[PDB]
Structures are given as structure tokens and as C-alpha cells.
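Visitor:
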Amino acid sequence: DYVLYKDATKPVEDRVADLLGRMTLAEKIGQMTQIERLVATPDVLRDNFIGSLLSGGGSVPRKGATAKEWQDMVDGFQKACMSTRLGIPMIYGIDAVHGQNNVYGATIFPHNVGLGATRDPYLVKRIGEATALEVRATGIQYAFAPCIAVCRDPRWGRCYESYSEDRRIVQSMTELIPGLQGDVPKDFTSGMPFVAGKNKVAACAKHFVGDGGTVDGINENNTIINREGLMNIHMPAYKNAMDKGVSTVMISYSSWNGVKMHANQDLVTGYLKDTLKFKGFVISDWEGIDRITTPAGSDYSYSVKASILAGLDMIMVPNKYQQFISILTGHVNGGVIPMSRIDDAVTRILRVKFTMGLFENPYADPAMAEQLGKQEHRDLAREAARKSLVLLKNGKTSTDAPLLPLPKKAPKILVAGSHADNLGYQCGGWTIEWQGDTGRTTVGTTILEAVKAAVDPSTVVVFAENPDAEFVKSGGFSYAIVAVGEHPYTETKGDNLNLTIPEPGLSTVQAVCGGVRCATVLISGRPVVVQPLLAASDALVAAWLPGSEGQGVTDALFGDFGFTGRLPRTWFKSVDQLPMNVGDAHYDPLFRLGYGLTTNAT
Ligand SMILES: *[C@@H]1O[C@H](CO)[C@@H](O[C@@H]2O[C@H](CO)[C@@H](O[C@@H]3O[C@H](CO[C@H]4O[C@H](CO)[C@@H](O)[C@H](O)[C@@H]4O[C@@H]4O[C@H](CO)[C@@H](O)[C@H](O)[C@H]4NC(C)=O)[C@@H](O)[C@H](O)[C@@H]3O)[C@H](O)[C@H]2NC(C)=O)[C@H](O[C@@H]2O[C@@H](C)[C@@H](O)[C@@H](O)[C@@H]2O)[C@H]1NC(C)=O
Ligand SMILES: *[C@@H]1O[C@H](CO)[C@@H](O)[C@H](O)[C@H]1NC(C)=O
């Protein structure tokens, strides 16, 4: 007879109830299971009824894979899932957090701390739109973004995934979500999941909650703050996410006052689901339930009980699915987890799959392949990079001639420093590899290439990565651009207690700037100890991690556009002040939240 869940004209809630009432226990637990593509096979997916797959950082079908290799990979997994008895399509997730950043040739946008400096929610909406197209070009339907952490200490290794220490800036940057997912209807109820169709992706607000609040910015550690602090600093951007229809929420590894978020029923069920009325699904982080215990994974059976009873809907296992499925079936068969907690989880996963069009369009669209790296996207990324630059200094004294903007026509100019010609340093973490990498890892324009592309044909451009002082003073340069800063890092590898840049950084600047007037371009994921760089430089520009389109840097240096960017964070004087945030008692910054100098276009 007639199968209502297969009928595309029926309300979402009727299709969900009709399918759910057919599923066995194996089929329901399979929907809650997300696994990494490395352990997936057609039989695994079909015999375990798997609901979701992901790529972790750097988990790609081949190095250099075109958009169509990605599509064929995702479709081949999808053909296995559509061949199960109920034919429930999988959803494939990926970290597309500054563009579709795992994929060769994708447009790489500025990381989020630089987007905070723009103060333009409309630009960030546009980046979400272009991001969704490049994720759908590879066949993927779900992005793990945005991170709406409110980083409160720049020593954290994920502070550059945070838009700001100020939760008001983070709130206004939740406009990424309707870029990624599409604008919600006039009809719309806060906390419903929404995706507009096959040119959009499901999004993910992460990581709930207080991930940027941890002690000493230690990654994954303990956020010590009282309920009012939680609610007035770390929480509010979640409620803006509910109003824009964010489809999924990801739970943090971090604790709140000693309680693991992955075992917190009060916050996850009591607040997120029952007070904000979130109706999408809640997904764990990568081996988040394992880390509930110390050592991690020492009582997996407890990890499964505590996290499913806290309210988590989908578990990113993501390798050992056999142990997860066995233990979870055991607890349900023993009465330890009731059936109604399972049916709630599966209801939520199915709600998002039906709402986004997945049952009607389970397969990739080959015509979307040419969205990847599209030029109009690279122009948008160029505009973002340019608006994220903060001019901190433009002249060594208040009576000096302003160095920027620089003339395009000069007899001879020097480009120096370890970041002047290194695409991987300019993009930072979460770019091609999980940790990012060095060198020419993808398509884009370095600073040196941007300089060659901008100057008059008669200007001679010399490059030296680390020139000595005598080379600079005898070379006859009119000016130098020197680019230095942090190396790429992600997560705990970026936790950093000293906040000073690797050498050579300071000594290249000192050599270059001692011989010729210099503009210093600092690439970093956060504020770093800056005083010595400031003292040597005529001009100093915080460029953050501007991504693949380095002509956004030279657009402002050479005066096609003015500088407009403003600090999205406090710049400290020393690491012994930290944490120090707008509002604190000991507030004594080198540069306040909100500072930046401007220029006008020539
Ligand atoms: C302030 O705190 C941080 C603590 O995190 C500290 O930096 C960390 O230092 C660790 C060692 O003590 C280091 O681990 C070692 O890494 C070695 C290889 O490191 C290279 O590759 C990694 C991975 O890609 C990069 O992140 C590194 O930055 C490094 O990169 C090379 O760096 C040199 C120097 O500039 C450059 O010329 C190369 O071209 C460049 N190559 C690449 C690929 O980029 C391992 O082999 C070893 O076994 C250790 O595990 C961490 O990498 C590093 N963290 C980061 C994110 O940088 C920092 O330490 C200072 O800086 C580092 C780079 C090193 O030169 C130290 O001697 C120095 O003290 C610390 N600062 C102070 C003042 O204490
Ligand atoms: C925080 O870090 C320390 C190691 O520095 C660890 O012993 C402690 O258990 C961590 N706390 C949490 C909640 O992870």
C-alpha cells in the first residue's frame, strides 16, 4: 500500500512519525551513529543502517581530488544507504569553517577572528552563501559551522575560530547561519531546523556551551563561572542561532564548574531542548563521550549511558561504531535507557533530513562542481580579507609622514619575511590538513604575488626571506613590506602560554626596518606580544589569517581602499595580565577592543 514517509507532498512531521513507527531498534540506533569515511564500506553502511558520515580534518579521497571525485565518493556511500530496507539517505558532514577548507582549489576565507574585525554581518552572510555552494559542489550537505564560542583568553588554541571576546559581536555574526542554510520564512518558529534546499547546507552551532571560557584558555578544560556569567557571556549567541533556524548543535568537550557538557542533562535537555525549544538534533564532538571519563574511553558503557541520558541525539563515534551500537542496544534491551529517549533522538535526526530535502535529493548535482573556487567567491574573500585588516600604527612619531598607503610606482622595493610567500602560513589551521601546513598547499595568491600584481611595471620588486641589515641598507630600496607571524595550529596544538611569534620574525623586522622604512604585516590567530615589533616598524598592520586571497592585503597597503577594520579583541601589554576583557577591573590594554586607525583610498 501507500507509504506516507515517501510522499514528498506531506508535512514533515507526518513523514517523520510515519517512518519512525516502522523502524526496528537496529534501524533507530543506526540513525544515531555517525562514522568517519575511513571506516566506512558499502556493507558497513547497509548492515548497520548508518545515519551519517563525516570527514575529519584532512580526511580526503585523494590529495588534489577534484570536486567530481568528492561527489562520486559521497554518492557511492549514498547508494549503500538508499539500498537498505527503508532507504533513509545518510547526511555527510565536514568542517567547512572558512570556506570548504579541506578541498584542494576551494576558496579559503579569513578565519573568524578577522571577520569579527570587519563588523559586517552582511558580508559574513554572503560568505555563508558562497561556502554552501562550494560545499554542495563536493556533494556534502552539512557543515560543522559556525563556531560561536566567545574566546575569553587568547592563549586558547581555538581563539581564532571565535569572532570576538565580546558576545555582542558574536551574536551579530550568527548571520553566517542563514547564509549557509537560507533565510527562514515569515512563518517561522525559533528553534525549528531550517534548510531551504539543495543549494544550501545544514549548519551547526558549536560548541555548546562555554568552550571559549576555559581556565587559562586550556583547550577542552574547565569553564569556571557562575550561572549568570554563563548566561550573559557564553549563551546568548545560541538564542540568536535558534531564531535563525540552526539545524544542529554540537556539544563541547569542555566542562562547566567541573561537569562535562557531554554528560550535562540540565544544560542539554533542560535548557537547550526544553527552554530554547530547539527541535533539530544535538551531535557529540569527536570522541566526546569517551572523554567523559579519565582516562578517556575507560568506561565506554558509562559514556554511552550518561551522554544518551543527557540528551545527545547523534554520536560522532567515530571509528568504533561496533562497540557503540552493541553497548547502546544492551542498555535499551536492559531498560537502562528507555525507548522514548531513542525515539526523540531519531525523531530529531529525521526531522532535519526531511526538512532539508534529503529524501527527495539524496545524490550530488554534477552541475554544482564548477562552484568550487569560483572567481566571484575569491573576489568576496578578497573583500573580506581587506576589511579584516587592522592598521595599528602608521608613522613612528606623531609628526612622521604617514607611510601607508604606499605608492605603486617606486624605483625598487623589498618584500621580506617568512610569511611573505607562504600560502599555508597565510591560511592557518583547518586548511587542507587538520593542522594547516606550510607552502603552496592549494590555489591562491601570497603576499609577494599580490605585490607583483599590484605595482607599476617599472617598480623593481626584490624578495628576500630573511635579508641581513647590510643587504637592506645597500640595496637602494624606497620601502619594504615585511610579513611575519604565527605558524598554523589547530585545537590543543595552538594552546600557548607565551604568545610570542617564532623566529625568525622579530629579527627580520629589526634587520629590514633598521635599514629602510617598513610596513610590517603581522599574520596571527590572536594578539601576540607586539611591543618590539611596534617599536621597530614605521607601520604595522594586523592581518589575522586572511586565507587564500592575498590581494586583499595589498588592496589596502597600496591605497585602492582605505583601512576600516577594528580590533575584535583586546590587545594586552603582557601575558601576565590575562585574562583581561572589556569590562574587567584590571583593564589596562595596549590597544582597546574597537581600536583601529583608518586611511582613505587614493
Ligand atoms: C611559546 O609556546 C609555544 C608552545 O606551544 C612554543 O611553540 C611550540 O614549541 C614546540 C617545541 O618546544 C613545538 O613542537 C616541536 O615541533 C617540532 C617541529 O616544529 C615545526 O613544525 C610544527 C608543526 O608544523 C610547527 O608548528 C612549528 O612551529 C615548527 O615549524 C618550523 O618552525 C621553524 C622556526 O620558525 C621554521 O623555520 C620552519 O620552517 C617551520 N616549519 C613548519 C613546518 O612550519 C617537532 O619536530 C618537535 O618534536 C616538537 O614537537 C611546536 O611546534 C611549537 N608550536 C607552534 C604552534 O609553533 C614556542 O616555542 C618557540 O617556537 C617554536 C617554533 C620553537 O622554535 C621553539 O624553540 C620556541 O621556543 C613558545 N615560545 C617561547 C618563547 O617559549
Ligand atoms: C584541565 O587541565 C588539567 C591538566 O592541565 C587536567 O588535569 C584537568 O583534569 C583538566 N580539566 C578538565 C575539566 O578537563
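According to the working numbering, the residues represented by the sequence shown are 457 to 1058, in order.
Heads up, the beta-carbon is just placed ideally off N, CA and C, and yes, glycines get one too.
(1) Is any non-hydrogen atom of ligand 1 found closer than 7 Å to the C-beta of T489, if you look at the structure I gave you?
(2) Roughly how far, in whole angstroms, is the beta-carbon of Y548 from the beta-carbon of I596, given that I think they are within contact range, below 8 Å?
(3) Check whether the Cβ atoms of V984 and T948 lie closer than 8 Å to each other.
(4) On the DSSP bridge assignment, give the partners of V917 in chain order.
(5) For the region 603-619 and the region 566-577, state whether three or more C-beta atom pairs, one from each stretch, are separated by less than 8 Å.
(6) Given the structure, does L989 come close to ligand 1, in the sense that its CB is under 7 Å from one of the ligand's heavy atoms?
(7) Based on the DSSP output, what are the partners of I771 in its beta bridges?
(8) Quickly, what does DSSP pair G549 with across the bridge? List them, please.
(9) CA-CA distance, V911 and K864?
(10) Only counting runs of 4 or more residues, tell me where the alpha helix (DSSP H) segments fall wholly within the region 735-809, in order along the chain.
(11) Quick one: what's got a C-beta closer than 8 Å to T480's C-beta in the same chain, skipping five residues either side?
(12) Can you tell me whether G638 is helix, strand or coil according to DSSP?
(13) Helix, strand or coil for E525, going by three-state DSSP, please let me know.
(14) Between which two residues does the beta strand (DSSP E) harbouring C883 extend?
(15) Suppose you measure from the CA of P913 to the CA of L989; what does that come to, to the nearest Å?
(16) Which full runs of the beta strand (DSSP E) of 3+ residues lie inside the region 803-843, going along the chain?
(17) Please find out if some non-hydrogen atom of ligand 4 comes closer than 7 Å to the beta-carbon of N558.
(18) Do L862 and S1004 have their beta-carbon atoms positioned less than 8 Å apart in this structure?
(19) For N678, which option in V657, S708, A872 has the closest C-alpha, if you only look at C-alpha atoms?
(20) Let me check understanding here. Comparing Cα to Cα, which of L806, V977, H943, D667 lies closest to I506?
(21) How would you call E832, buried or exposed, if buried means at least 16 neighbouring beta carbons within 10 angstroms?
(22) Is the Cβ-Cβ distance between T803 and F650 less than 8 Å?
(23) May I ask you to list the residues that DSSP assigns as paired with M706?
(24) For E492 and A482, I'd like the C-alpha separation in whole angstroms.
(25) Name the DSSP beta bridge partners of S711, please?
(26) With DSSP as the reference, please indicate the residues paired to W1027 in a beta bridge.
(27) Relative to the alpha-carbon of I633, which residue among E585, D821, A992 has its alpha-carbon at the smallest distance?
(28) Under 8 Å between the Cβ atoms of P1024 and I625?
(29) Mapping DSSP to helix, strand and coil, what is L962?
(30) What whole-angstrom Cβ distance do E631 and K581 have, given they're in contact under 8 Å?
(31) Find the nearest neighbour of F600 within the set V500, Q637, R608, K908, judged by alpha-carbon distance.
(32) Within a Cβ cutoff of 8 Å, which residues of the same chain sit near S515, ignoring the five residues on either side of it in sequence?
(33) I'd like to check one pair, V928 with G961: are the Cβ atoms closer than 8 Å?
(34) Can you look up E617 in the DSSP assignment and give me helix, strand or coil?
(35) Reducing DSSP to helix, strand and coil, say where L1053 ends up.
(36) Taking 7 Å as the cut-off, is the C-beta of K462 nearer than that to any heavy atom in ligand 1?
Guide: The short version:
(1) As a working note, residue 489 is residue 33 in the sequence shown. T489: no, Cβ never under 7 Å from ligand 1.
(2) Residue 548 sits at position 92 when you count from the first residue of the sequence shown. Residue 596 sits at position 140 when you count from the first residue of the sequence shown. Indeed they touch by this definition, with Cβ atoms about 5 Å apart.
(3) Position 528 of the sequence shown holds residue 984. Position 492 of the sequence shown holds residue 948. Result no, Cβ atoms of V984 and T948 do not sit closer than 8 Å.
(4) Position 461 of the sequence shown holds residue 917. Per DSSP, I869.
(5) yes
(6) Within the sequence shown, residue 989 is the residue found at index 533, counting from 1. Checking the Cβ of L989 against ligand 1 gives no.
(7) Counted from its first residue, the sequence shown places residue 771 at position 315. According to DSSP, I771 bridges with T489.
(8) The residue labelled residue 549 in the question sits at position 93 within the sequence shown. The partner list for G549 (beta bridge, DSSP) reads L510, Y598.
(9) Looking up residue 911 in the sequence shown gives position 455. Looking up residue 864 in the sequence shown gives position 408. Each residue's Cα considered, the two are about 5 Å apart.
(10) 756-766, 777-789
(11) Translated into positions along the sequence shown, residue 480 becomes position 24. If we look at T480 and ignore the five residues flanking it on each side, it has no Cβ neighbours.
(12) Walking along the sequence shown from the start, residue 638 turns up at place 182. Correct three-state label for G638: coil.
(13) Taking the sequence shown and counting its residues from 1, one reaches residue 525 at position 69. Residue state, collapsed to three classes: helix.
(14) Along the sequence shown, one-based indexing puts residue 883 at 427. From DSSP, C883 is part of no beta strand (DSSP E) but of the alpha helix (DSSP H) over 879-883.
(15) Stepping through the sequence shown from its first residue, residue 913 is reached at position 457. Stepping through the sequence shown from its first residue, residue 989 is reached at position 533. Each residue's Cα considered, the two are about 31 Å apart.
(16) none
(17) Because ligand 4 does not appear in the structure shown, any question about it cannot be addressed here, the ligands present being ligand 1 and ligand 2.
(18) Locating residue 1004 in the sequence shown gives position 548, counting from the first residue. Locating residue 862 in the sequence shown gives position 406, counting from the first residue. Against a cut-off of 8 Å, the Cβ pair of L862 and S1004 comes out as no contact.
(19) One-based indexing of the sequence shown puts residue 678 at position 222. Among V657, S708, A872, the Cα nearest to that of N678 belongs to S708.
(20) Within the sequence shown, residue 506 is the residue found at index 50, counting from 1. When only C-alpha atoms are compared, the closest one is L806.
(21) As a working note, residue 832 is residue 376 in the sequence shown. So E832 counts as exposed.
(22) By one-based count along the sequence shown, residue 803 stands at place 347. By one-based count along the sequence shown, residue 650 stands at place 194. Not a contact, by the Cβ cut-off of 8 Å.
(23) Here residue 706 refers to the residue found at position 250 of the sequence shown. Per DSSP, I739.
(24) The residue you call residue 492 lines up with position 36 of the sequence shown. The residue you call residue 482 lines up with position 26 of the sequence shown. Taking the straight line joining both Cα atoms gives about 19 Å.
(25) Reading the sequence shown from its first residue, position 255 is the one you call residue 711. DSSP, once it has assigned bridges, lists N678, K716 as partnering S711.
(26) Position 571 of the sequence shown holds residue 1027. For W1027, which the question treats as bridged, DSSP gives the partners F1047.
(27) Within the sequence shown, numbered from 1, the residue matching residue 633 stands at position 177. Comparing Cα-Cα distances from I633 to each of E585, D821, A992, the minimum goes to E585.
(28) For this step, residue 1024 is matched to residue 568 along the sequence shown. For this step, residue 625 is matched to residue 169 along the sequence shown. A contact, by the Cβ cut-off of 8 Å.
(29) Residue numbering aside, residue 962 sits at position 506 when the sequence shown is read from its first letter. It is helical.
(30) To locate residue 631, count along the sequence shown from 1; it is residue 175. To locate residue 581, count along the sequence shown from 1; it is residue 125. That pair is a contact at about 4 Å.
(31) Within the sequence shown, numbered from 1, the residue matching residue 600 stands at position 144. Comparing Cα-Cα distances from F600 to each of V500, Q637, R608, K908, the minimum goes to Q637.
(32) Here residue 515 refers to the residue found at position 59 of the sequence shown. Counting only Cβ-Cβ distances below 8 Å, and skipping sequence neighbours, we find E492, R493, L494, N558.
(33) Here residue 961 refers to the residue found at position 505 when the sequence shown is read from its first residue. Here residue 928 refers to the residue found at position 472 when the sequence shown is read from its first residue. No, the Cβ-Cβ distance between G961 and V928 is not below 8 Å.
(34) If you number the sequence shown from 1, residue 617 lands on position 161. If DSSP states are grouped into helix, strand and coil, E617 belongs with the helices.
(35) Within the sequence shown, residue 1053 is the residue found at index 597, counting from 1. Strand.
(36) Numbered from its first residue, the sequence shown carries residue 462 at position 6. Checking every heavy atom of ligand 1 against the Cβ of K462, none is found closer than 7 Å.
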